>>> print(open('work-v1.txt').read())   # compact mmCIF, C-alpha atoms and all ligand atoms
# COMPACT_ATOMS: atom_id res chain seq x y z
CA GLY A 2 6.34 19.50 2.95
CA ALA A 3 10.13 19.88 3.04
CA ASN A 4 12.11 21.28 0.12
CA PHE A 5 15.23 19.59 -1.24
CA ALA B 1 17.74 8.08 -15.15
CA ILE B 2 17.03 4.38 -14.67
CA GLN B 3 14.84 2.99 -17.44
CA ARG B 4 13.01 -0.30 -17.00
CA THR B 5 11.09 -2.17 -19.63
CA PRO B 6 7.47 -3.21 -18.98
CA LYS B 7 6.41 -6.71 -18.01
CA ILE B 8 3.06 -7.60 -19.58
CA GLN B 9 0.46 -10.21 -18.63
CA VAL B 10 -2.81 -10.73 -20.51
CA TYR B 11 -5.42 -12.86 -18.81
CA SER B 12 -9.08 -13.20 -17.95
CA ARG B 13 -10.55 -12.51 -14.53
CA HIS B 14 -12.37 -15.87 -14.57
CA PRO B 15 -11.50 -19.11 -16.36
CA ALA B 16 -12.62 -18.59 -19.93
CA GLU B 17 -15.80 -20.35 -21.04
CA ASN B 18 -16.79 -19.76 -24.66
CA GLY B 19 -20.06 -17.80 -24.58
CA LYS B 20 -19.88 -16.48 -20.99
CA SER B 21 -19.12 -12.84 -20.26
CA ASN B 22 -15.85 -12.20 -18.45
CA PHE B 23 -13.20 -9.51 -18.02
CA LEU B 24 -10.04 -9.25 -20.11
CA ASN B 25 -7.07 -7.85 -18.17
CA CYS B 26 -3.71 -6.51 -19.27
CA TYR B 27 -1.38 -5.99 -16.32
CA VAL B 28 1.69 -3.87 -17.12
CA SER B 29 4.33 -3.58 -14.41
CA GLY B 30 8.00 -2.99 -13.72
CA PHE B 31 8.42 -0.03 -16.07
CA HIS B 32 10.12 3.35 -15.71
CA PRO B 33 9.51 6.14 -16.69
CA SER B 34 5.72 6.28 -16.33
CA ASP B 35 4.58 7.35 -19.80
CA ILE B 36 3.13 4.30 -21.53
CA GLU B 37 0.48 3.47 -24.13
CA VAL B 38 -1.65 0.33 -23.72
CA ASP B 39 -4.33 -1.00 -26.09
CA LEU B 40 -6.47 -4.10 -25.81
CA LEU B 41 -7.11 -5.68 -29.22
CA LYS B 42 -9.93 -7.87 -30.54
CA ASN B 43 -8.79 -9.50 -33.79
CA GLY B 44 -6.16 -6.82 -34.33
CA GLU B 45 -8.59 -3.93 -33.67
CA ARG B 46 -8.48 -1.56 -30.69
CA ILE B 47 -11.22 -2.22 -28.15
CA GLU B 48 -13.04 0.95 -27.20
CA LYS B 49 -14.39 0.87 -23.62
CA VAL B 50 -11.11 0.09 -21.83
CA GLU B 51 -10.57 1.35 -18.27
CA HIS B 52 -7.43 1.34 -16.16
CA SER B 53 -6.32 1.70 -12.55
CA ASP B 54 -4.60 4.71 -11.01
CA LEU B 55 -0.83 4.86 -11.54
CA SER B 56 0.98 3.22 -8.63
CA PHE B 57 4.47 1.88 -8.06
CA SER B 58 6.33 -0.95 -6.31
CA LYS B 59 9.09 -1.08 -3.71
CA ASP B 60 11.77 -0.68 -6.42
CA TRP B 61 9.93 2.48 -7.64
CA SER B 62 8.80 0.88 -10.93
CA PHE B 63 5.22 1.57 -12.07
CA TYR B 64 2.28 -0.76 -12.58
CA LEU B 65 -1.15 -0.38 -14.19
CA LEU B 66 -4.14 -2.64 -14.84
CA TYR B 67 -6.15 -2.17 -18.05
CA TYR B 68 -9.40 -4.09 -18.35
CA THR B 69 -12.63 -4.46 -20.29
CA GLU B 70 -15.65 -6.70 -20.19
CA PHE B 71 -15.69 -9.27 -22.97
CA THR B 72 -17.23 -12.57 -24.05
CA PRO B 73 -14.59 -15.00 -25.32
CA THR B 74 -15.38 -17.29 -28.24
CA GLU B 75 -13.53 -20.18 -29.83
CA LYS B 76 -12.06 -18.18 -32.72
CA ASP B 77 -11.75 -14.52 -31.61
CA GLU B 78 -8.17 -13.54 -30.82
CA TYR B 79 -7.35 -11.03 -28.08
CA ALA B 80 -4.10 -9.23 -27.37
CA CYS B 81 -2.49 -6.38 -25.47
CA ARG B 82 -0.37 -3.81 -27.33
CA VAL B 83 2.13 -1.80 -25.28
CA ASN B 84 4.42 1.05 -26.27
CA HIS B 85 7.09 2.51 -23.99
CA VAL B 86 10.31 4.45 -24.45
CA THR B 87 12.33 1.29 -23.74
CA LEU B 88 10.81 -0.51 -26.76
CA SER B 89 12.06 -0.18 -30.33
CA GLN B 90 8.54 -1.16 -31.48
CA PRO B 91 5.16 -1.70 -29.79
CA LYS B 92 5.08 -5.11 -28.09
CA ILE B 93 1.99 -7.25 -28.78
CA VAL B 94 1.15 -10.02 -26.30
CA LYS B 95 -1.57 -12.49 -27.26
CA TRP B 96 -4.08 -13.73 -24.70
CA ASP B 97 -3.56 -17.45 -23.96
CA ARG B 98 -6.49 -18.71 -21.89
CA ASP B 99 -4.12 -21.15 -20.09
CA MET B 100 -1.76 -18.43 -18.78
CA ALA C 1 -4.66 -10.22 9.04
CA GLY C 2 -1.67 -10.45 11.39
CA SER C 3 -0.26 -7.12 10.22
CA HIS C 4 -1.48 -4.16 8.18
CA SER C 5 0.01 -1.26 6.28
CA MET C 6 -1.06 2.16 5.14
CA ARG C 7 0.96 3.63 2.28
CA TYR C 8 0.74 6.92 0.39
CA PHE C 9 2.47 7.27 -3.00
CA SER C 10 2.96 10.29 -5.26
CA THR C 11 4.53 10.79 -8.67
CA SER C 12 5.41 14.15 -10.27
CA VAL C 13 6.51 14.24 -13.91
CA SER C 14 7.71 17.50 -15.40
CA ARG C 15 6.29 18.47 -18.81
CA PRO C 16 8.64 21.12 -20.26
CA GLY C 17 6.85 23.40 -22.69
CA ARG C 18 3.49 21.85 -21.73
CA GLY C 19 2.70 23.50 -18.39
CA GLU C 20 3.13 22.39 -14.81
CA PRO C 21 4.18 18.84 -13.84
CA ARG C 22 1.65 16.02 -13.88
CA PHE C 23 0.98 14.96 -10.27
CA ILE C 24 -0.69 11.65 -9.34
CA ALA C 25 -1.08 10.41 -5.75
CA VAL C 26 -2.76 7.28 -4.35
CA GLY C 27 -3.29 5.81 -0.89
CA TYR C 28 -3.52 2.13 0.03
CA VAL C 29 -4.45 0.06 3.04
CA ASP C 30 -2.65 -3.26 2.45
CA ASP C 31 -3.41 -4.11 -1.22
CA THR C 32 -6.64 -2.05 -1.36
CA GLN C 33 -6.47 1.41 -2.90
CA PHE C 34 -8.78 3.92 -1.20
CA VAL C 35 -7.98 7.48 -2.43
CA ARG C 36 -6.51 9.24 -5.44
CA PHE C 37 -5.60 12.72 -6.63
CA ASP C 38 -4.74 13.59 -10.24
CA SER C 39 -3.64 17.11 -11.24
CA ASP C 40 -5.14 16.50 -14.71
CA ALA C 41 -8.63 15.81 -13.32
CA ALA C 42 -11.24 18.56 -13.33
CA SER C 43 -12.40 18.28 -9.69
CA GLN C 44 -9.02 19.22 -8.15
CA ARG C 45 -10.11 17.17 -5.14
CA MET C 46 -8.94 14.05 -3.44
CA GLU C 47 -11.35 11.34 -4.55
CA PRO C 48 -12.51 8.10 -2.92
CA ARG C 49 -11.55 4.79 -4.49
CA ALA C 50 -12.99 2.35 -1.92
CA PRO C 51 -16.52 2.48 -0.46
CA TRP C 52 -15.56 2.59 3.22
CA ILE C 53 -13.56 5.81 2.89
CA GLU C 54 -16.80 7.63 2.02
CA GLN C 55 -17.72 7.32 5.71
CA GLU C 56 -15.29 10.20 6.34
CA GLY C 57 -16.86 13.59 6.95
CA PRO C 58 -16.66 16.62 4.68
CA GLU C 59 -13.89 18.14 6.81
CA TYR C 60 -11.72 15.13 5.93
CA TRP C 61 -12.07 15.70 2.18
CA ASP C 62 -11.38 19.43 2.50
CA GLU C 63 -8.33 18.97 4.73
CA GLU C 64 -6.78 16.09 2.77
CA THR C 65 -7.37 17.93 -0.50
CA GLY C 66 -5.53 20.97 0.84
CA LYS C 67 -2.60 18.86 2.03
CA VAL C 68 -2.25 16.89 -1.22
CA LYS C 69 -2.36 20.11 -3.27
CA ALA C 70 0.29 21.67 -1.04
CA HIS C 71 2.43 18.57 -1.55
CA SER C 72 2.11 18.85 -5.34
CA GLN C 73 3.46 22.42 -5.05
CA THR C 74 6.39 21.24 -2.87
CA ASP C 75 7.28 18.58 -5.42
CA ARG C 76 7.03 21.12 -8.24
CA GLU C 77 9.63 23.14 -6.32
CA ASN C 78 11.74 20.04 -5.62
CA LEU C 79 11.90 19.11 -9.31
CA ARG C 80 13.35 22.58 -9.94
CA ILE C 81 15.88 22.21 -7.12
CA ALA C 82 16.92 18.79 -8.47
CA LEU C 83 17.73 20.31 -11.87
CA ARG C 84 20.16 22.67 -10.20
CA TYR C 85 21.71 20.00 -7.95
CA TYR C 86 22.29 17.69 -10.92
CA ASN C 87 23.04 20.48 -13.43
CA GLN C 88 20.28 19.23 -15.76
CA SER C 89 18.58 21.34 -18.41
CA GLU C 90 15.04 22.69 -18.31
CA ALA C 91 14.31 20.92 -21.61
CA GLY C 92 14.13 17.33 -20.29
CA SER C 93 11.32 15.55 -18.43
CA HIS C 94 12.09 14.17 -14.96
CA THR C 95 10.26 12.12 -12.33
CA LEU C 96 10.01 12.62 -8.57
CA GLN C 97 8.37 9.89 -6.49
CA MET C 98 7.58 9.79 -2.78
CA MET C 99 6.22 7.10 -0.49
CA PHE C 100 5.37 7.12 3.21
CA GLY C 101 3.35 4.99 5.58
CA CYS C 102 3.29 2.73 8.59
CA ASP C 103 2.86 -0.93 9.49
CA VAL C 104 0.85 -1.97 12.57
CA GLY C 105 0.43 -5.40 14.09
CA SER C 106 -2.91 -7.08 14.68
CA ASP C 107 -2.64 -5.91 18.29
CA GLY C 108 -2.92 -2.37 16.88
CA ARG C 109 0.64 -1.33 17.78
CA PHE C 110 3.12 0.49 15.52
CA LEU C 111 5.70 -1.77 13.84
CA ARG C 112 7.60 0.27 11.21
CA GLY C 113 7.48 3.62 9.44
CA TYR C 114 8.68 4.77 6.03
CA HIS C 115 9.36 8.09 4.35
CA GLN C 116 11.34 8.09 1.10
CA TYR C 117 11.99 9.75 -2.24
CA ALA C 118 13.30 8.69 -5.65
CA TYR C 119 14.45 10.97 -8.48
CA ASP C 120 14.31 9.56 -12.04
CA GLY C 121 13.68 6.11 -10.62
CA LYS C 122 16.72 6.00 -8.30
CA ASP C 123 16.72 6.33 -4.50
CA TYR C 124 17.31 9.90 -3.39
CA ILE C 125 16.73 10.13 0.38
CA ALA C 126 14.99 7.86 2.88
CA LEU C 127 14.15 7.91 6.57
CA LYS C 128 16.05 5.09 8.30
CA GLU C 129 14.31 2.37 10.29
CA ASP C 130 14.83 4.05 13.64
CA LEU C 131 13.12 7.20 12.25
CA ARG C 132 15.97 9.33 13.63
CA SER C 133 18.21 9.93 10.60
CA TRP C 134 18.40 9.78 6.81
CA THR C 135 20.01 7.60 4.16
CA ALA C 136 21.05 9.92 1.33
CA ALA C 137 22.08 8.15 -1.85
CA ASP C 138 24.45 10.60 -3.60
CA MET C 139 26.15 14.01 -3.43
CA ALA C 140 22.98 16.02 -4.14
CA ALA C 141 21.00 14.16 -1.47
CA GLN C 142 23.60 15.10 1.18
CA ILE C 143 22.71 18.74 0.63
CA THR C 144 19.08 17.85 1.32
CA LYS C 145 20.05 15.68 4.29
CA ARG C 146 21.99 18.55 5.88
CA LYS C 147 18.95 20.92 5.55
CA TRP C 148 16.58 18.27 6.82
CA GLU C 149 18.86 17.61 9.77
CA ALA C 150 18.96 21.30 10.71
CA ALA C 151 15.14 21.58 10.41
CA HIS C 152 14.50 18.37 12.39
CA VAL C 153 12.33 16.90 9.63
CA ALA C 154 12.92 13.39 10.98
CA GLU C 155 11.27 14.20 14.32
CA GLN C 156 8.26 15.68 12.53
CA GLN C 157 7.93 12.59 10.33
CA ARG C 158 8.44 10.15 13.21
CA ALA C 159 5.63 11.84 15.16
CA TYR C 160 3.23 11.65 12.22
CA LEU C 161 4.12 8.01 11.44
CA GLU C 162 3.78 6.75 15.02
CA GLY C 163 0.70 8.89 15.72
CA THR C 164 -1.70 10.19 13.08
CA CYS C 165 -0.73 7.51 10.55
CA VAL C 166 -1.42 4.68 13.01
CA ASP C 167 -4.69 6.31 14.14
CA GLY C 168 -5.87 6.63 10.55
CA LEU C 169 -4.99 3.05 9.68
CA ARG C 170 -6.86 1.75 12.73
CA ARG C 171 -9.94 3.82 11.84
CA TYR C 172 -9.92 2.56 8.25
CA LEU C 173 -9.61 -1.06 9.40
CA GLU C 174 -12.68 -0.53 11.61
CA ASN C 175 -14.80 1.19 8.95
CA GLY C 176 -13.73 -1.22 6.22
CA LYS C 177 -13.53 -4.27 8.49
CA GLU C 178 -15.75 -6.57 6.39
CA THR C 179 -13.42 -6.30 3.39
CA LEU C 180 -10.06 -5.13 4.80
CA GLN C 181 -9.76 -7.86 7.45
CA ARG C 182 -10.41 -10.82 5.16
CA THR C 183 -7.74 -13.43 4.45
CA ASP C 184 -9.30 -15.32 1.54
CA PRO C 185 -7.09 -18.36 0.77
CA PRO C 186 -6.17 -19.25 -2.81
CA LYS C 187 -8.11 -21.76 -4.79
CA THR C 188 -5.41 -23.98 -6.28
CA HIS C 189 -5.07 -26.51 -9.08
CA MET C 190 -2.46 -27.80 -11.50
CA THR C 191 -2.42 -28.08 -15.27
CA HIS C 192 -0.23 -30.15 -17.57
CA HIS C 193 0.90 -29.01 -21.03
CA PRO C 194 2.99 -31.30 -23.29
CA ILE C 195 5.75 -29.38 -25.07
CA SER C 196 7.24 -32.24 -27.12
CA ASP C 197 7.72 -35.98 -26.77
CA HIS C 198 10.51 -35.32 -24.23
CA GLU C 199 9.06 -32.57 -22.01
CA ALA C 200 5.89 -31.13 -20.51
CA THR C 201 4.93 -28.08 -18.44
CA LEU C 202 3.33 -28.42 -15.03
CA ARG C 203 1.69 -25.17 -13.98
CA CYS C 204 0.48 -24.55 -10.44
CA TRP C 205 -2.36 -22.02 -10.04
CA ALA C 206 -3.42 -19.83 -7.09
CA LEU C 207 -6.63 -17.89 -7.71
CA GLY C 208 -8.98 -15.63 -5.80
CA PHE C 209 -6.79 -14.82 -2.80
CA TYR C 210 -6.44 -11.68 -0.64
CA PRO C 211 -4.13 -10.13 0.56
CA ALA C 212 -1.61 -10.32 -2.30
CA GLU C 213 1.31 -11.75 -0.30
CA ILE C 214 1.79 -15.42 -1.26
CA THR C 215 4.57 -17.96 -1.79
CA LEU C 216 4.33 -20.43 -4.69
CA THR C 217 7.25 -22.81 -5.10
CA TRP C 218 8.10 -26.02 -6.93
CA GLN C 219 10.09 -28.87 -5.43
CA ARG C 220 11.65 -31.87 -7.15
CA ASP C 221 12.36 -34.78 -4.79
CA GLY C 222 11.90 -32.42 -1.87
CA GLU C 223 14.37 -29.82 -3.17
CA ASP C 224 13.55 -26.24 -4.11
CA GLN C 225 13.49 -25.60 -7.86
CA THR C 226 14.12 -21.86 -7.54
CA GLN C 227 16.78 -22.08 -10.26
CA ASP C 228 14.25 -23.47 -12.77
CA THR C 229 10.78 -22.13 -11.96
CA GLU C 230 8.91 -19.71 -14.26
CA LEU C 231 7.10 -17.55 -11.70
CA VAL C 232 4.81 -14.73 -12.86
CA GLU C 233 4.25 -11.59 -10.84
CA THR C 234 1.22 -11.64 -8.57
CA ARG C 235 -1.53 -9.94 -10.56
CA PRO C 236 -4.93 -8.39 -9.79
CA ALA C 237 -8.07 -10.16 -10.95
CA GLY C 238 -9.95 -6.82 -10.94
CA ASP C 239 -12.56 -7.91 -8.39
CA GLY C 240 -10.46 -7.38 -5.25
CA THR C 241 -8.60 -10.72 -5.44
CA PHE C 242 -5.21 -11.74 -6.81
CA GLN C 243 -3.80 -14.47 -9.05
CA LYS C 244 -0.44 -16.18 -9.46
CA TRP C 245 1.03 -19.23 -11.15
CA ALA C 246 4.36 -21.07 -11.12
CA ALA C 247 5.53 -23.48 -13.81
CA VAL C 248 8.28 -26.05 -14.28
CA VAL C 249 9.41 -27.95 -17.37
CA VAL C 250 9.38 -31.66 -16.59
CA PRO C 251 10.93 -34.64 -18.44
CA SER C 252 8.23 -37.01 -19.70
CA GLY C 253 7.23 -39.57 -17.08
CA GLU C 254 8.87 -37.69 -14.16
CA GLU C 255 5.77 -35.70 -13.12
CA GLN C 256 5.52 -37.51 -9.79
CA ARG C 257 8.91 -36.19 -8.65
CA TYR C 258 7.43 -32.68 -8.52
CA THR C 259 5.28 -30.99 -5.88
CA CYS C 260 3.84 -27.47 -5.72
CA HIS C 261 3.81 -25.66 -2.39
CA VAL C 262 1.45 -22.82 -1.48
CA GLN C 263 1.75 -20.54 1.55
CA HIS C 264 -0.83 -17.83 2.24
CA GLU C 265 -2.16 -16.26 5.41
CA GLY C 266 -5.68 -17.52 4.60
CA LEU C 267 -4.57 -21.15 4.66
CA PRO C 268 -4.89 -23.16 7.90
CA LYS C 269 -1.98 -25.28 6.63
CA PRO C 270 0.51 -24.84 3.78
CA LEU C 271 -0.67 -26.79 0.75
CA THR C 272 1.22 -29.41 -1.26
CA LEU C 273 -0.10 -30.28 -4.72
CA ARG C 274 0.89 -33.18 -6.97
CA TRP C 275 -0.08 -33.90 -10.58
CA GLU C 276 -2.94 -36.36 -10.21
CA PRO C 277 -4.65 -36.89 -13.58
ZN ZN D 1 -5.89 -8.02 10.49
ZN ZN D 2 12.93 -38.83 -28.44
>>> encode(input="work-v1.txt", output="structure tokens", more="lines below")
Ligand SMILES: [Zn+2]
Ligand SMILES: [Zn+2]
Amino acid sequence: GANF
Amino acid sequence: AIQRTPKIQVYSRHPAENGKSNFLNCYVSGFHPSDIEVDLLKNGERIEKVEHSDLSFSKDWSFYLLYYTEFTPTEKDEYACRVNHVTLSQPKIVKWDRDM
Amino acid sequence: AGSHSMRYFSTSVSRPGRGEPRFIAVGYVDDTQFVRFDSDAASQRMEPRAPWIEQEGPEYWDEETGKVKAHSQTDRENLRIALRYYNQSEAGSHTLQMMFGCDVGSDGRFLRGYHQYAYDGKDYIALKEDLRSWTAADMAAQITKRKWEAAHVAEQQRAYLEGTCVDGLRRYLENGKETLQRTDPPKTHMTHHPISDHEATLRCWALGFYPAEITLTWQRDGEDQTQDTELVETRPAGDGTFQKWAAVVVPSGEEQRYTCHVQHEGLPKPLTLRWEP
């Protein structure tokens, strides 16, 4: 779900 | 990029009895990256109806796969697993030893 | 069993010049796989891989399929971000792996949670054991850690891992109870293989056990032979059980100095085997  | 070379085990599901149908397994593990080619061989020749498990990986992030096929071992037929991977200069062939 | 785990795993592999990255995800309860998704497959759905998961309603398959597809898009984006962080070219193929899950005790209570990433086979960022902060492995991962800290990703993950993840694991253990709760002990035996007139191999076998966790060790005169045992990786039989063997090379006539020791949750008592022709 979270981007780098 | 860490590269890890595959470990290979070739073995039957059940203790081999000449004449009785069984399953021939080739378990490939510990490799990275994930692209790999695996063939089961009967007397040097690629076996056709070979299935394999879904790509998974271990705690150290290295991949593992099980390839398998039904087979009926005999006294003289040789079986092997042939594996190619980027870490190998040449395809590695591992012969089935019914005691391992 | 005394404790249980649910684990989800995903792998994305970029394919420069050959379209979007290959994405493969699998879910496990203990050592039993129960779902998969493969971006190469025609259905574009999450698919069952154990019979008991088919007890889940159609809403489950729709919702999980949407989430796994959204995750494949996130990891497509993250592979692009990684190229920039590491100043790598668009010509090479790279790998992004993720794992998350939870452990619960046999009393049904949360034990531990996990949420981690690896890039090209090396740790990138991982949720720490207290589920409150991140271990970031290198300079690029600190950029991610900063962003995740400001967005409170750890609190979102902690709430999923202690809540929905535990609830799902407990439901699966109920629906798959007959198979998931078994602790089938190994069937054991020993073989003997002369190598020469000076040496022979004793091999200790464990067959047909579940779950996969097991300890096989050789002793000589009551002392661990860890420095001399050939020990193969625990391997699947293909029928839901596992196999393992351990071997030692033994000077001729000294077989009775050696004992094989087997520990497995399915055993009432640890086993001790001797060569007894
Ligand atoms: Zn249990
Ligand atoms: Zn001699």
>>> residues_near_ligand(input="work-v1.txt", ligand="ligand ZN 1 (chain D)", cutoff="6 Å", atoms="only C-alpha atoms and all ligand atoms", output="ChimeraX atom specification")
/C:1-3,106,181
>>> write_last_selection(input="work-v1.txt", atoms="C-alpha atoms", output="PDB file, in the coordinates of the input")
ATOM      1  CA  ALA C   1      -4.660 -10.220   9.040  1.00  0.00           C
ATOM      2  CA  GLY C   2      -1.670 -10.450  11.390  1.00  0.00           C
ATOM      3  CA  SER C   3      -0.260  -7.120  10.220  1.00  0.00           C
ATOM      4  CA  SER C 106      -2.910  -7.080  14.680  1.00  0.00           C
ATOM      5  CA  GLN C 181      -9.760  -7.860   7.450  1.00  0.00           C
TER       6      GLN C 181
END
>>> atom_distance(input="work-v1.txt", atom1="CA of residue 239 (chain C)", atom2="CA of residue 70 (chain B)")
12.3 Å
>>> closest_residue(input="work-v1.txt", among="C:18, C:182, C:274, C:198", to="ligand ZN 2 (chain D)", atoms="only C-alpha atoms and all ligand atoms")
C:198
>>> residues_near_ligand(input="work-v1.txt", ligand="ligand ZN 2 (chain D)", cutoff="10 Å", atoms="all atoms listed in the file", output="PyMOL selection string")
chain C and resi 196-199
>>> interface_residues(input="work-v1.txt", of="chain B", to="chain C", cutoff="12 Å", atoms="all atoms listed in the file", output="PyMOL selection string")
chain B and resi 1-4+7-15+22-35+51-70+99-100
>>> interface_residues(input="work-v1.txt", of="chain C", to="chain A", cutoff="10 Å", atoms="all atoms listed in the file", output="short mmCIF file (atom, residue, chain, number, x, y, z; two decimals) with C-alpha atoms, in the frame of the given file")
data_model
loop_
_atom_site.label_atom_id
_atom_site.label_comp_id
_atom_site.auth_asym_id
_atom_site.auth_seq_id
_atom_site.Cartn_x
_atom_site.Cartn_y
_atom_site.Cartn_z
CA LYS C 67 -2.60 18.86 2.03
CA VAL C 68 -2.25 16.89 -1.22
CA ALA C 70 0.29 21.67 -1.04
CA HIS C 71 2.43 18.57 -1.55
CA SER C 72 2.11 18.85 -5.34
CA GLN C 73 3.46 22.42 -5.05
CA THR C 74 6.39 21.24 -2.87
CA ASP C 75 7.28 18.58 -5.42
CA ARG C 76 7.03 21.12 -8.24
CA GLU C 77 9.63 23.14 -6.32
CA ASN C 78 11.74 20.04 -5.62
CA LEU C 79 11.90 19.11 -9.31
CA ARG C 80 13.35 22.58 -9.94
CA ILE C 81 15.88 22.21 -7.12
CA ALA C 82 16.92 18.79 -8.47
CA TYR C 85 21.71 20.00 -7.95
CA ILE C 125 16.73 10.13 0.38
CA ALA C 140 22.98 16.02 -4.14
CA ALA C 141 21.00 14.16 -1.47
CA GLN C 142 23.60 15.10 1.18
CA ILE C 143 22.71 18.74 0.63
CA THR C 144 19.08 17.85 1.32
CA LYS C 145 20.05 15.68 4.29
CA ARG C 146 21.99 18.55 5.88
CA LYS C 147 18.95 20.92 5.55
CA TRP C 148 16.58 18.27 6.82
CA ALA C 151 15.14 21.58 10.41
CA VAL C 153 12.33 16.90 9.63
#
>>> residues_around(input="work-v1.txt", residues="residue 202 (chain C)", least_positions_apart="4", cutoff="6 Å", atoms="only C-alpha atoms", output="PyMOL selection string")
chain C and resi 191-192+247-248
>>> atom_distance(input="work-v1.txt", atom1="CA of residue 86 (chain B)", atom2="CA of residue 36 (chain B)")
7.8 Å
>>> residues_around(input="work-v1.txt", residues="residue 216 (chain C)", least_positions_apart="3", cutoff="8 Å", atoms="all atoms listed in the file", output="PDB file with C-alpha atoms, keeping the file's coordinate frame")
ATOM      1  CA  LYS C 244      -0.440 -16.180  -9.460  1.00  0.00           C
ATOM      2  CA  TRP C 245       1.030 -19.230 -11.150  1.00  0.00           C
ATOM      3  CA  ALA C 246       4.360 -21.070 -11.120  1.00  0.00           C
ATOM      4  CA  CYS C 260       3.840 -27.470  -5.720  1.00  0.00           C
ATOM      5  CA  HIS C 261       3.810 -25.660  -2.390  1.00  0.00           C
ATOM      6  CA  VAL C 262       1.450 -22.820  -1.480  1.00  0.00           C
ATOM      7  CA  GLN C 263       1.750 -20.540   1.550  1.00  0.00           C
TER       8      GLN C 263
END
>>> residues_around(input="work-v1.txt", residues="residue 255 (chain C)", least_positions_apart="3", cutoff="8 Å", atoms="all atoms listed in the file", output="list in words")
residues 202, 250, 251, 252, 258 and 275 of chain C
